[PDB]
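Quick look at my_file36.cif (mmCIF, C-alpha atoms):
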data_start
#
loop_
_atom_site.label_atom_id
_atom_site.label_comp_id
_atom_site.auth_asym_id
_atom_site.auth_seq_id
_atom_site.Cartn_x
_atom_site.Cartn_y
_atom_site.Cartn_z
CA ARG B 1 32.63 -14.66 37.98
CA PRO B 2 33.96 -14.38 41.48
CA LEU B 3 36.95 -16.67 40.89
CA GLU B 4 38.00 -14.78 37.73
CA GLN B 5 37.95 -11.47 39.60
CA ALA B 6 39.86 -13.00 42.49
CA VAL B 7 42.62 -14.52 40.36
CA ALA B 8 43.03 -11.29 38.39
CA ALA B 9 43.36 -9.45 41.75
CA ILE B 10 46.10 -11.78 42.92
CA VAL B 11 48.06 -11.01 39.73
CA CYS B 12 47.41 -7.26 40.19
CA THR B 13 48.89 -7.35 43.69
CA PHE B 14 51.94 -9.27 42.46
CA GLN B 15 52.48 -6.74 39.66
CA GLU B 16 52.25 -3.87 42.21
CA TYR B 17 55.14 -5.29 44.27
CA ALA B 18 57.26 -7.10 41.66
CA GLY B 19 57.01 -4.19 39.23
CA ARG B 20 58.63 -1.79 41.68
CA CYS B 21 62.11 -2.46 40.43
CA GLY B 22 64.34 -5.10 38.97
CA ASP B 23 62.91 -8.29 37.52
CA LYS B 24 59.16 -7.83 37.04
CA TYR B 25 58.60 -11.61 37.52
CA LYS B 26 60.27 -11.95 40.95
CA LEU B 27 60.01 -10.67 44.52
CA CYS B 28 62.51 -10.78 47.37
CA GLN B 29 61.17 -12.60 50.54
CA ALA B 30 61.33 -9.19 52.25
CA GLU B 31 58.90 -7.85 49.66
CA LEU B 32 56.67 -10.94 50.03
CA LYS B 33 56.61 -10.36 53.79
CA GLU B 34 55.70 -6.72 53.25
CA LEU B 35 52.97 -7.71 50.80
CA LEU B 36 51.38 -10.24 53.17
CA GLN B 37 51.63 -7.89 56.12
CA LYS B 38 50.06 -4.97 54.29
CA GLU B 39 47.64 -6.70 51.90
CA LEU B 40 46.28 -9.39 54.29
CA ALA B 41 46.67 -7.22 57.38
CA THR B 42 43.51 -8.55 59.07
CA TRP B 43 44.31 -12.27 58.72
CA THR B 44 45.47 -14.14 61.88
CA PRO B 45 46.07 -17.86 62.70
CA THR B 46 43.37 -20.38 63.78
CA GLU B 47 43.47 -22.56 66.90
CA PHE B 48 45.88 -25.30 65.84
CA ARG B 49 48.05 -23.21 63.49
CA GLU B 50 49.77 -20.39 65.51
CA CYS B 51 53.09 -22.25 65.60
CA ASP B 52 53.05 -22.99 61.89
CA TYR B 53 52.09 -19.42 61.07
CA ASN B 54 54.77 -17.93 63.26
CA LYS B 55 57.40 -20.22 61.68
CA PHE B 56 56.22 -19.33 58.22
CA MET B 57 56.46 -15.60 59.05
CA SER B 58 59.88 -16.05 60.71
CA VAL B 59 61.37 -17.70 57.59
CA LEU B 60 60.34 -14.82 55.31
CA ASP B 61 61.86 -12.30 57.68
CA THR B 62 65.17 -14.14 58.09
CA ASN B 63 65.35 -15.35 54.54
CA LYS B 64 66.66 -12.66 52.17
CA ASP B 65 66.80 -14.48 48.85
CA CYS B 66 65.18 -12.86 45.83
CA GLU B 67 63.97 -15.66 43.73
CA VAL B 68 60.26 -15.73 44.88
CA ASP B 69 58.34 -16.25 41.65
CA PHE B 70 54.63 -15.93 41.01
CA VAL B 71 53.92 -19.59 41.82
CA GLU B 72 55.75 -19.30 45.15
CA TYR B 73 53.89 -16.10 45.95
CA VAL B 74 50.56 -17.85 45.31
CA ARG B 75 51.70 -20.82 47.41
CA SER B 76 52.34 -18.35 50.29
CA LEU B 77 48.72 -17.18 49.96
CA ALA B 78 47.55 -20.82 50.07
CA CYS B 79 49.58 -21.34 53.22
CA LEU B 80 48.11 -18.27 54.88
CA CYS B 81 44.62 -19.78 54.17
CA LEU B 82 45.57 -22.96 55.84
CA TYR B 83 46.80 -21.06 58.79
CA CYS B 84 44.21 -18.32 59.05
CA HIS B 85 40.92 -19.33 57.46
CA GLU B 86 38.43 -21.16 59.66
CA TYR B 87 37.48 -23.57 56.89
CA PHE B 88 40.84 -25.33 57.45
CA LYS B 89 40.86 -25.25 61.27
CA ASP B 90 40.76 -29.12 61.32
CA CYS B 91 42.57 -29.86 58.11
CA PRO B 92 45.44 -32.37 58.43
CA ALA I 1 37.98 -3.61 52.09
CA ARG I 2 41.35 -4.87 50.70
CA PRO I 3 41.35 -6.35 47.25
CA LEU I 4 43.75 -9.19 48.08
CA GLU I 5 41.75 -10.18 51.19
CA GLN I 6 38.55 -10.39 49.18
CA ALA I 7 40.30 -12.35 46.46
CA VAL I 8 41.86 -14.93 48.78
CA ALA I 9 38.54 -15.38 50.63
CA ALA I 10 36.90 -15.96 47.22
CA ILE I 11 39.50 -18.59 46.33
CA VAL I 12 38.58 -20.50 49.54
CA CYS I 13 34.83 -20.05 48.87
CA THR I 14 35.12 -21.69 45.44
CA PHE I 15 37.15 -24.60 46.92
CA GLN I 16 34.50 -25.08 49.62
CA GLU I 17 31.75 -25.13 46.91
CA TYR I 18 33.43 -28.05 45.08
CA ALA I 19 35.18 -29.94 47.88
CA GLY I 20 32.14 -29.70 50.16
CA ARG I 21 29.96 -31.58 47.67
CA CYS I 22 30.71 -34.99 49.12
CA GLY I 23 33.42 -36.99 50.80
CA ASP I 24 36.43 -35.34 52.35
CA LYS I 25 35.79 -31.57 52.61
CA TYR I 26 39.54 -30.89 52.31
CA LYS I 27 40.15 -32.63 48.98
CA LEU I 28 39.02 -32.65 45.34
CA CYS I 29 39.38 -35.26 42.63
CA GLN I 30 41.32 -34.00 39.47
CA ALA I 31 37.98 -34.43 37.65
CA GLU I 32 36.44 -31.95 40.06
CA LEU I 33 39.40 -29.57 39.68
CA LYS I 34 39.05 -29.67 35.90
CA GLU I 35 35.28 -28.98 36.20
CA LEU I 36 36.04 -26.08 38.55
CA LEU I 37 38.64 -24.46 36.25
CA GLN I 38 36.41 -24.94 33.19
CA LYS I 39 33.33 -23.46 34.82
CA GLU I 40 34.83 -20.87 37.16
CA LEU I 41 37.59 -19.51 34.84
CA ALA I 42 35.58 -20.14 31.66
CA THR I 43 36.86 -17.01 29.89
CA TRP I 44 40.58 -17.57 30.45
CA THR I 45 42.67 -18.76 27.48
CA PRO I 46 46.41 -19.25 26.85
CA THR I 47 48.89 -16.49 25.78
CA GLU I 48 51.18 -16.58 22.69
CA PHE I 49 53.95 -18.84 24.00
CA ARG I 50 51.89 -21.01 26.38
CA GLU I 51 49.28 -22.93 24.34
CA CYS I 52 51.11 -26.22 24.53
CA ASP I 53 51.89 -25.90 28.24
CA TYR I 54 48.22 -25.08 28.82
CA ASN I 55 46.92 -27.92 26.73
CA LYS I 56 49.26 -30.40 28.48
CA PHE I 57 48.15 -29.06 31.84
CA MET I 58 44.48 -29.55 30.91
CA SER I 59 45.02 -33.01 29.44
CA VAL I 60 46.73 -34.25 32.65
CA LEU I 61 43.70 -33.35 34.78
CA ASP I 62 41.36 -35.09 32.36
CA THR I 63 43.40 -38.26 32.21
CA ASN I 64 44.45 -38.51 35.74
CA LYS I 65 41.63 -39.40 38.10
CA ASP I 66 43.52 -38.96 41.49
CA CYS I 67 41.48 -37.76 44.45
CA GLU I 68 44.29 -36.20 46.26
CA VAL I 69 44.09 -32.58 45.17
CA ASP I 70 44.37 -30.59 48.39
CA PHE I 71 43.85 -26.87 48.83
CA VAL I 72 47.51 -26.03 48.14
CA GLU I 73 47.45 -27.98 44.89
CA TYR I 74 44.22 -26.34 43.86
CA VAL I 75 45.79 -22.93 44.40
CA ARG I 76 48.89 -24.03 42.50
CA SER I 77 46.65 -24.90 39.57
CA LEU I 78 45.24 -21.31 39.62
CA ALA I 79 48.80 -19.96 39.66
CA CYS I 80 49.62 -22.12 36.63
CA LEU I 81 46.57 -20.90 34.77
CA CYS I 82 47.87 -17.30 35.40
CA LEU I 83 51.21 -18.14 33.91
CA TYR I 84 49.48 -19.61 30.95
CA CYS I 85 46.62 -17.20 30.39
CA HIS I 86 47.40 -13.79 31.88
CA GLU I 87 49.23 -11.30 29.63
CA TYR I 88 51.45 -10.13 32.48
CA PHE I 89 53.38 -13.42 32.18
CA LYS I 90 53.48 -13.61 28.35
CA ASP I 91 57.34 -13.34 28.46
CA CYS I 92 58.04 -14.95 31.80
CA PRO I 93 60.68 -17.73 31.87
#

Can the structure in the file be given as structure tokens, please?
Amino acid sequence: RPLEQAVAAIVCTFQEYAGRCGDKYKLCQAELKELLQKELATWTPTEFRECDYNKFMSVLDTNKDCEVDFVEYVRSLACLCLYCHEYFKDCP
Amino acid sequence: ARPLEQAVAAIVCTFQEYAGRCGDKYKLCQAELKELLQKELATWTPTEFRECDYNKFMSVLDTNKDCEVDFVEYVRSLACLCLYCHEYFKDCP
């Protein structure tokens, strides 16, 4: 089932970054930025979301806390959809 | 072909399939989200220390008929199902 394979892949990617060192259930925002930049390299903002995307990406880069858990990592993916997937171009 | 890219595109495709049925294409009802998780993640079941969190999660969707589940909340529900059902998180606090 396509959703099952997709959700298992999102956990695999998290394990790949969070398992590097330290607490296997957490990332630093620097690591989350590296993950999104490398793993979603081809994704770019839609027409009415460049500002929001840029602000989102700025916060990760400035922010150097290390309490990003799995749920927050998946919420970052959801946000990148809103910003970068055409389905949501007109979503309020 | 990057595995995360294909996965996140698939997550949006499944949302489109349910939310595009009728009404507002950006929202689901909790009844629709429970149908989605039951059909699309049919094989996933709770880990050793999460059965009661899982069951409570599933019972809230079934009781609560609110038609404000947006995309972000749908994805949060997938994340919660990971915490409950994927062995990687068996010991996560």

Tell me, as a PDB file with C-alpha atoms, in the coordinates of the input, which residues lie within 9 Å of residue 41 in chain B, counting only C-alpha atoms; anything in the same chain fewer than 4 positions away does not count.
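This went into result24.pdb:
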ATOM      1  CA  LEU B  36      51.380 -10.240  53.170  1.00  0.00           C
ATOM      2  CA  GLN B  37      51.630  -7.890  56.120  1.00  0.00           C
TER       3      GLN B  37
ATOM      4  CA  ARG I   2      41.350  -4.870  50.700  1.00  0.00           C
ATOM      5  CA  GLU I   5      41.750 -10.180  51.190  1.00  0.00           C
TER       6      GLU I   5
END

Could you build a table of the residues in chain I lying no more than 12 Å from chain B, giving for each the nearest pair of atoms and their separation in Å rounded to one decimal place, using all atoms listed in the file, ordered by chain and ascending residue number, as JSON lines?
{"residue": "I:1", "atom": "CA", "partner": "B:39", "partner_atom": "CA", "distance": 10.1}
{"residue": "I:2", "atom": "CA", "partner": "B:39", "partner_atom": "CA", "distance": 6.7}
{"residue": "I:3", "atom": "CA", "partner": "B:9", "partner_atom": "CA", "distance": 6.6}
{"residue": "I:4", "atom": "CA", "partner": "B:39", "partner_atom": "CA", "distance": 6.0}
{"residue": "I:5", "atom": "CA", "partner": "B:40", "partner_atom": "CA", "distance": 5.5}
{"residue": "I:6", "atom": "CA", "partner": "B:6", "partner_atom": "CA", "distance": 7.3}
{"residue": "I:7", "atom": "CA", "partner": "B:6", "partner_atom": "CA", "distance": 4.0}
{"residue": "I:8", "atom": "CA", "partner": "B:6", "partner_atom": "CA", "distance": 6.9}
{"residue": "I:9", "atom": "CA", "partner": "B:85", "partner_atom": "CA", "distance": 8.2}
{"residue": "I:10", "atom": "CA", "partner": "B:6", "partner_atom": "CA", "distance": 6.3}
{"residue": "I:11", "atom": "CA", "partner": "B:3", "partner_atom": "CA", "distance": 6.3}
{"residue": "I:12", "atom": "CA", "partner": "B:81", "partner_atom": "CA", "distance": 7.6}
{"residue": "I:13", "atom": "CA", "partner": "B:3", "partner_atom": "CA", "distance": 8.9}
{"residue": "I:14", "atom": "CA", "partner": "B:3", "partner_atom": "CA", "distance": 7.0}
{"residue": "I:15", "atom": "CA", "partner": "B:3", "partner_atom": "CA", "distance": 10.0}
{"residue": "I:16", "atom": "CA", "partner": "B:87", "partner_atom": "CA", "distance": 8.0}
{"residue": "I:17", "atom": "CA", "partner": "B:3", "partner_atom": "CA", "distance": 11.6}
{"residue": "I:19", "atom": "CA", "partner": "B:87", "partner_atom": "CA", "distance": 11.3}
{"residue": "I:20", "atom": "CA", "partner": "B:87", "partner_atom": "CA", "distance": 10.6}
{"residue": "I:24", "atom": "CA", "partner": "B:91", "partner_atom": "CA", "distance": 10.0}
{"residue": "I:25", "atom": "CA", "partner": "B:91", "partner_atom": "CA", "distance": 8.9}
{"residue": "I:26", "atom": "CA", "partner": "B:91", "partner_atom": "CA", "distance": 6.6}
{"residue": "I:27", "atom": "CA", "partner": "B:91", "partner_atom": "CA", "distance": 9.8}
{"residue": "I:36", "atom": "CA", "partner": "B:3", "partner_atom": "CA", "distance": 9.7}
{"residue": "I:37", "atom": "CA", "partner": "B:3", "partner_atom": "CA", "distance": 9.2}
{"residue": "I:38", "atom": "CA", "partner": "B:4", "partner_atom": "CA", "distance": 11.2}
{"residue": "I:39", "atom": "CA", "partner": "B:1", "partner_atom": "CA", "distance": 9.4}
{"residue": "I:40", "atom": "CA", "partner": "B:3", "partner_atom": "CA", "distance": 6.0}
{"residue": "I:41", "atom": "CA", "partner": "B:4", "partner_atom": "CA", "distance": 5.6}
{"residue": "I:42", "atom": "CA", "partner": "B:4", "partner_atom": "CA", "distance": 8.5}
{"residue": "I:43", "atom": "CA", "partner": "B:4", "partner_atom": "CA", "distance": 8.2}
{"residue": "I:44", "atom": "CA", "partner": "B:4", "partner_atom": "CA", "distance": 8.2}
{"residue": "I:45", "atom": "CA", "partner": "B:4", "partner_atom": "CA", "distance": 11.9}
{"residue": "I:70", "atom": "CA", "partner": "B:91", "partner_atom": "CA", "distance": 9.9}
{"residue": "I:71", "atom": "CA", "partner": "B:78", "partner_atom": "CA", "distance": 7.2}
{"residue": "I:72", "atom": "CA", "partner": "B:78", "partner_atom": "CA", "distance": 5.6}
{"residue": "I:73", "atom": "CA", "partner": "B:75", "partner_atom": "CA", "distance": 8.7}
{"residue": "I:74", "atom": "CA", "partner": "B:78", "partner_atom": "CA", "distance": 9.0}
{"residue": "I:75", "atom": "CA", "partner": "B:78", "partner_atom": "CA", "distance": 6.3}
{"residue": "I:76", "atom": "CA", "partner": "B:75", "partner_atom": "CA", "distance": 6.5}
{"residue": "I:77", "atom": "CA", "partner": "B:71", "partner_atom": "CA", "distance": 9.3}
{"residue": "I:78", "atom": "CA", "partner": "B:7", "partner_atom": "CA", "distance": 7.3}
{"residue": "I:79", "atom": "CA", "partner": "B:71", "partner_atom": "CA", "distance": 5.6}
{"residue": "I:80", "atom": "CA", "partner": "B:71", "partner_atom": "CA", "distance": 7.2}
{"residue": "I:81", "atom": "CA", "partner": "B:7", "partner_atom": "CA", "distance": 9.4}
{"residue": "I:82", "atom": "CA", "partner": "B:11", "partner_atom": "CA", "distance": 7.6}
{"residue": "I:83", "atom": "CA", "partner": "B:70", "partner_atom": "CA", "distance": 8.2}
{"residue": "I:84", "atom": "CA", "partner": "B:71", "partner_atom": "CA", "distance": 11.7}
{"residue": "I:85", "atom": "CA", "partner": "B:8", "partner_atom": "CA", "distance": 10.6}
{"residue": "I:86", "atom": "CA", "partner": "B:8", "partner_atom": "CA", "distance": 8.2}
{"residue": "I:87", "atom": "CA", "partner": "B:11", "partner_atom": "CA", "distance": 10.2}
{"residue": "I:88", "atom": "CA", "partner": "B:15", "partner_atom": "CA", "distance": 8.0}
{"residue": "I:89", "atom": "CA", "partner": "B:25", "partner_atom": "CA", "distance": 7.7}
{"residue": "I:90", "atom": "CA", "partner": "B:25", "partner_atom": "CA", "distance": 10.7}
{"residue": "I:91", "atom": "CA", "partner": "B:25", "partner_atom": "CA", "distance": 9.3}
{"residue": "I:92", "atom": "CA", "partner": "B:25", "partner_atom": "CA", "distance": 6.6}
{"residue": "I:93", "atom": "CA", "partner": "B:25", "partner_atom": "CA", "distance": 8.6}

Output the residue selection produced by the PyMOL selection byres ((chain B and resi 27) around 7) on the file above, formatted as number ranges by chain. B: 18, 26, 28-29, 31-32, 66-69

Include C-alpha atoms and write out the residues we just selected as a short mmCIF file (atom, residue, chain, number, x, y, z; two decimals), keeping the file's coordinate frame.
data_model
loop_
_atom_site.label_atom_id
_atom_site.label_comp_id
_atom_site.auth_asym_id
_atom_site.auth_seq_id
_atom_site.Cartn_x
_atom_site.Cartn_y
_atom_site.Cartn_z
CA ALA B 18 57.26 -7.10 41.66
CA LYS B 26 60.27 -11.95 40.95
CA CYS B 28 62.51 -10.78 47.37
CA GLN B 29 61.17 -12.60 50.54
CA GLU B 31 58.90 -7.85 49.66
CA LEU B 32 56.67 -10.94 50.03
CA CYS B 66 65.18 -12.86 45.83
CA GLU B 67 63.97 -15.66 43.73
CA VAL B 68 60.26 -15.73 44.88
CA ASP B 69 58.34 -16.25 41.65
#

Which of these residues is nearest to residue 45 in chain B, using all atoms listed in the file: B:62, B:83, B:33, B:57? B:83

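When CA of residue 29 in chain I is paired with CA of residue 66 in chain I, their separation reads 5.7 Å.
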
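Relative to CA of residue 65 in chain I, CA of residue 33 in chain I is found at 10.2 Å.
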
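In this structure, CA of residue 30 in chain B sits 10.0 Å away from CA of residue 59 in chain B.
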
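Residue nearest residue 64 in chain I within the list I:51, I:30, I:46, I:23: I:30 [criterion: smallest interatomic distance, only C-alpha atoms].
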
Write a file for range 11-38 of chain I, containing N, CA and C atoms (output as an mmCIF file, in the first residue's frame).
data_model
loop_
_atom_site.group_PDB
_atom_site.id
_atom_site.type_symbol
_atom_site.label_atom_id
_atom_site.label_comp_id
_atom_site.auth_asym_id
_atom_site.auth_seq_id
_atom_site.Cartn_x
_atom_site.Cartn_y
_atom_site.Cartn_z
ATOM 1 N N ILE I 11 2.099 10.866 0.514
ATOM 2 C CA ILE I 11 1.262 11.326 1.610
ATOM 3 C C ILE I 11 0.217 12.362 1.093
ATOM 4 N N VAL I 12 0.652 13.240 0.157
ATOM 5 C CA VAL I 12 -0.257 14.247 -0.383
ATOM 6 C C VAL I 12 -1.260 13.527 -1.319
ATOM 7 N N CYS I 13 -0.818 12.533 -2.095
ATOM 8 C CA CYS I 13 -1.722 11.856 -2.993
ATOM 9 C C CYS I 13 -2.884 11.205 -2.212
ATOM 10 N N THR I 14 -2.576 10.549 -1.085
ATOM 11 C CA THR I 14 -3.625 9.905 -0.331
ATOM 12 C C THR I 14 -4.572 10.979 0.226
ATOM 13 N N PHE I 15 -4.046 12.102 0.729
ATOM 14 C CA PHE I 15 -4.936 13.166 1.225
ATOM 15 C C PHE I 15 -5.846 13.618 0.120
ATOM 16 N N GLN I 16 -5.298 13.873 -1.048
ATOM 17 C CA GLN I 16 -6.107 14.339 -2.214
ATOM 18 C C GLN I 16 -7.255 13.335 -2.502
ATOM 19 N N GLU I 17 -6.930 12.043 -2.471
ATOM 20 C CA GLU I 17 -7.912 10.963 -2.747
ATOM 21 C C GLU I 17 -9.088 11.051 -1.805
ATOM 22 N N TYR I 18 -8.904 11.342 -0.514
ATOM 23 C CA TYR I 18 -9.985 11.431 0.441
ATOM 24 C C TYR I 18 -10.600 12.825 0.483
ATOM 25 N N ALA I 19 -9.763 13.860 0.579
ATOM 26 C CA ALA I 19 -10.314 15.203 0.728
ATOM 27 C C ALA I 19 -10.940 15.693 -0.562
ATOM 28 N N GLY I 20 -10.557 15.152 -1.728
ATOM 29 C CA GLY I 20 -11.117 15.574 -2.981
ATOM 30 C C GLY I 20 -12.446 14.922 -3.282
ATOM 31 N N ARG I 21 -12.916 14.022 -2.411
ATOM 32 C CA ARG I 21 -14.199 13.367 -2.666
ATOM 33 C C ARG I 21 -15.325 14.355 -2.838
ATOM 34 N N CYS I 22 -15.443 15.296 -1.909
ATOM 35 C CA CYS I 22 -16.550 16.234 -1.938
ATOM 36 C C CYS I 22 -16.236 17.361 -1.007
ATOM 37 N N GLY I 23 -16.942 18.463 -1.181
ATOM 38 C CA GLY I 23 -16.734 19.589 -0.239
ATOM 39 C C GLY I 23 -15.363 20.239 -0.418
ATOM 40 N N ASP I 24 -14.865 20.750 0.704
ATOM 41 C CA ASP I 24 -13.629 21.505 0.691
ATOM 42 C C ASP I 24 -12.438 20.568 0.456
ATOM 43 N N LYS I 25 -11.741 20.782 -0.650
ATOM 44 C CA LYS I 25 -10.608 19.911 -1.049
ATOM 45 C C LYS I 25 -9.414 20.031 -0.123
ATOM 46 N N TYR I 26 -9.434 20.957 0.840
ATOM 47 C CA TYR I 26 -8.331 21.073 1.796
ATOM 48 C C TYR I 26 -8.613 20.497 3.170
ATOM 49 N N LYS I 27 -9.798 19.903 3.367
ATOM 50 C CA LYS I 27 -10.147 19.381 4.686
ATOM 51 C C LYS I 27 -10.729 17.988 4.605
ATOM 52 N N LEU I 28 -10.617 17.258 5.707
ATOM 53 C CA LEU I 28 -11.333 15.975 5.908
ATOM 54 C C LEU I 28 -12.164 16.140 7.142
ATOM 55 N N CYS I 29 -13.199 15.293 7.245
ATOM 56 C CA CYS I 29 -13.920 15.025 8.502
ATOM 57 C C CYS I 29 -13.097 13.947 9.312
ATOM 58 N N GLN I 30 -13.130 13.924 10.668
ATOM 59 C CA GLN I 30 -12.482 12.854 11.427
ATOM 60 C C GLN I 30 -12.995 11.488 10.982
ATOM 61 N N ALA I 31 -14.264 11.378 10.556
ATOM 62 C CA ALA I 31 -14.732 10.087 10.052
ATOM 63 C C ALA I 31 -13.967 9.627 8.786
ATOM 64 N N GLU I 32 -13.650 10.591 7.932
ATOM 65 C CA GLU I 32 -12.870 10.324 6.764
ATOM 66 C C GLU I 32 -11.421 9.984 7.139
ATOM 67 N N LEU I 33 -10.860 10.704 8.112
ATOM 68 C CA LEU I 33 -9.496 10.386 8.553
ATOM 69 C C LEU I 33 -9.480 9.001 9.172
ATOM 70 N N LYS I 34 -10.490 8.631 9.975
ATOM 71 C CA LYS I 34 -10.419 7.250 10.483
ATOM 72 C C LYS I 34 -10.545 6.193 9.362
ATOM 73 N N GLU I 35 -11.374 6.426 8.350
ATOM 74 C CA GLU I 35 -11.512 5.523 7.222
ATOM 75 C C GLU I 35 -10.161 5.399 6.514
ATOM 76 N N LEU I 36 -9.531 6.534 6.243
ATOM 77 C CA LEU I 36 -8.229 6.576 5.609
ATOM 78 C C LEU I 36 -7.206 5.717 6.386
ATOM 79 N N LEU I 37 -7.071 5.947 7.682
ATOM 80 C CA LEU I 37 -6.023 5.249 8.445
ATOM 81 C C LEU I 37 -6.329 3.762 8.486
ATOM 82 N N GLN I 38 -7.605 3.403 8.578
ATOM 83 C CA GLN I 38 -8.016 2.000 8.636
ATOM 84 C C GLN I 38 -7.791 1.273 7.331
#
